[PDB]
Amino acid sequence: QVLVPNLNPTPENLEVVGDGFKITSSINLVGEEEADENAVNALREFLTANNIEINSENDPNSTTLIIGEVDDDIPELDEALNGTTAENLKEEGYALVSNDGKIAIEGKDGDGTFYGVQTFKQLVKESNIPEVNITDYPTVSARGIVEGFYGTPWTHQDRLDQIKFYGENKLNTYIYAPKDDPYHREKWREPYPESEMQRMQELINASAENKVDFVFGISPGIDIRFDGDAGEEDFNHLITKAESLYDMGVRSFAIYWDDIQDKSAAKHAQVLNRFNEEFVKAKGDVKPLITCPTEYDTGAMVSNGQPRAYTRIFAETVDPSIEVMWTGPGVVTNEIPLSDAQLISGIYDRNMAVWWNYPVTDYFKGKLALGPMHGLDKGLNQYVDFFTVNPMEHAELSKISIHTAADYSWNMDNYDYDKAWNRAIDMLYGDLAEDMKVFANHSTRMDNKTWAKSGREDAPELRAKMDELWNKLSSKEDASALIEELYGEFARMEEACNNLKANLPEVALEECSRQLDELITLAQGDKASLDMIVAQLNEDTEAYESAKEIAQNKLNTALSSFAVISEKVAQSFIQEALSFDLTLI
C-alpha cells in the first residue's frame, strides 16, 4: 500500500518517499503545448485506454500531471519536482516525481520525456501510483534489434508491433537487414516495388512515433564490383538505394560484409569511406554509418593476440566515425568477457558495436530460444556503445529475451539475468506467467553440437536434482523422497504445457505448439523412466519392461520430431535412465 510494480528497464535511481495515492477519474494536464509531441501522444493513448479523462479547465482536487523538457518554460514543473531534475543527465535521461496529487515528468530531451511516460505507464496499476522520486538514463547510447536472420522475415504487422514494444521498453534502435529480403542482399541493386515502399513508410513513421532509430541495412557483398566503371555503376546503386529511403525519412544506414567469400578488406573499407563522405556528411543530418567486417568474431579476426590480415587492413582503412559490429569471441558464443571487448576495441581504436546472436535460431530452427541475456560482461559499456540482438523469425516469443536485453543495455551494472528473466515473463504473460515460466525454463540453452552455443543452461535446478538421483542410486542410498519429488516436477511440466495449450493467445501459440507437445512427451517419458527405476528397486520385471517400452517410445517420438527442447535435462534423463543398470543382482 502502495507497492512499485515490475519495471522494465530498471530505472537508475528510484526512491519510495511516500505511501502512494489514487489517480482521479479525470485529471489536469499541464505542459502539453511545449512538451515532446510523441511523449504527449503516448500519454493521451494510455489515458484513453485506462478511462482517464482530461480536464478542460483546472479543478483543485483532481490529480495533476505535468510534462515537459528542461529547456521549456513550465514553472509548475520546477515546482512539482521539488529538488530533483533532469538537467544533470545524459541524452534520453528524465526525472519523474510522484507526490500527493502531482506527477511530474521532465526529460533532458524529447526522448527523455517519452521514456518518462513509459515508466509512468508501468507505475500506474488500478489508477494507483506509488510515491516515488526517479532519475533515469541509459548505460548504452544505442539499444535494440537487428532483424538480421535467415528464414522467413517478420511480417509487416509483426514489425509494427515490435517497434511499439521497443518504445515501451526504451529500445531506440531497429536495424532492417533480413538476409532473405531479396532487395536487401540477393538483388541489392534493385529498387523496392511501389507497394513495399509504402509499407516501409509506415515502419519509419512508427519508428519516429516511438523514438526508435530505423536503420536501413544493405548487403552488397556477394557480387558488388569494386574497380572501374562497374565499380562506379555499383557504388551508384548503393547511393540510389539509400536516397530512396532517406527521402522517406530514414536517417540511419548500414552496409554489411558478413557471410561472403570475397575478403577484399581495403575495398570494403573504401566503399564505406566513400559512402561516409558522399552520403553521410553530404546530407549533414544522418547518423554514423554502421557496418560489420567479413571477419566479425574474435576467432576470425585475431590469431595469436594479433589481428589477421583482413581485420588489420580493415581496421586501418575504415574511417573513425563508422560504427563496427562484432559478435564476440565467436559467432554464437557463451560469453563476451571484458577482455574480449578490450581486445577488439583496441584493434579498432574505437568503442565497438555488438551484434548478439541470441535469441536467433536460424541455425537450429527446432528449438525456441526463450532465455535472458546471458554471458555478457557487466562492464561491457567501457568498450561498447551500441548493443543489438539478432532475434528469432518468431517475433512474439522473441520478446522474452528482447525484454531482458532492454534491461541489460539500459541498466547494465545492476542486471541480474535470473530476475530479468522472471520479470520479463511476468510482464509479458499475466495470469499465464507461472506456467510459461515452467515451459520457457526448459528452452533457454542453444547448442547445434558444433560451432554454435549460447544461453543459460536449460532447467538447472531440475538438472541438479537428476544428478543427485543418480548419485544416490549408484551409492545405493535410499532415494524415495527424491523420486517422489521428481514425479512432482514431471507432473508440473505436463500441467503447465497443457494449460498453455488451452490458454495461450493464438499469437504466441502458433509459434510454440510443437515445442509444447515435445515437452509433454519428454515429461511423460521422464515419469515412465521413474516408474522403470522404481520397478528395478522393487525387483518387478513385468513393471520394468512395461515402463521401459513407454520411456523408449517417448524418447523415440521426441528424437524423430522436428521440435527440440530440454536436450540436456528432460531428454537426457530418459537416456540416462535407460543406460543405468539396476538389474545388477
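Counting begins at 1, following the sequence as shown.
Q: Averaging CA B factors per stretch from the PDB record, which one is higher: 202-210 or 160-168?
A: Result of the comparison: 202-210.
Q: Comparing 362-370 with 469-477, which stretch shows the greater average C-alpha B-factor in the deposited entry?
A: Higher of the two, by average CA B-factor, is 469-477.
Q: Have a look at 531, 549, 518, 57 and flag the one whose Cα has the highest B-factor in the entry.
A: Max CA B-factor in the entry, restricted to 531, 549, 518, 57: 57.
Q: Whose CA atom has the top B-factor in the entry, of 434, 181, 73, 393?
A: That would be 73.
Q: Which third of the chain holds residue 545 when residues are ordered by C-alpha B factor: lowest, middle or highest?
A: As the PDB entry reports it, the C-alpha B-factor of residue 545 lands in the middle third of its chain.
Q: Which third of the chain does residue 301 land in by C-alpha B-factor: lowest, middle or highest?
A: Its C-alpha B-factor, which the entry lists for residue 301, ranks in the middle third among residues of this chain.
Q: Ranked by Cα temperature factor within the chain, is residue 120 in the lowest third, the middle third or the highest third?
A: Highest third - that is where residue 120 ends up once the chain's C-alpha B-factors are sorted.
Q: Lowest, middle or highest third: which one holds residue 522 when the chain's residues are ordered by CA B-factor from the entry?
A: For residue 522, whose C-alpha B-factor we compare with every modelled residue in the chain, the answer is the lowest third.
Q: Sort the modelled residues of this chain by their C-alpha B factor and say whether residue 331 lands in the lowest, middle or highest third.
A: Lowest third.
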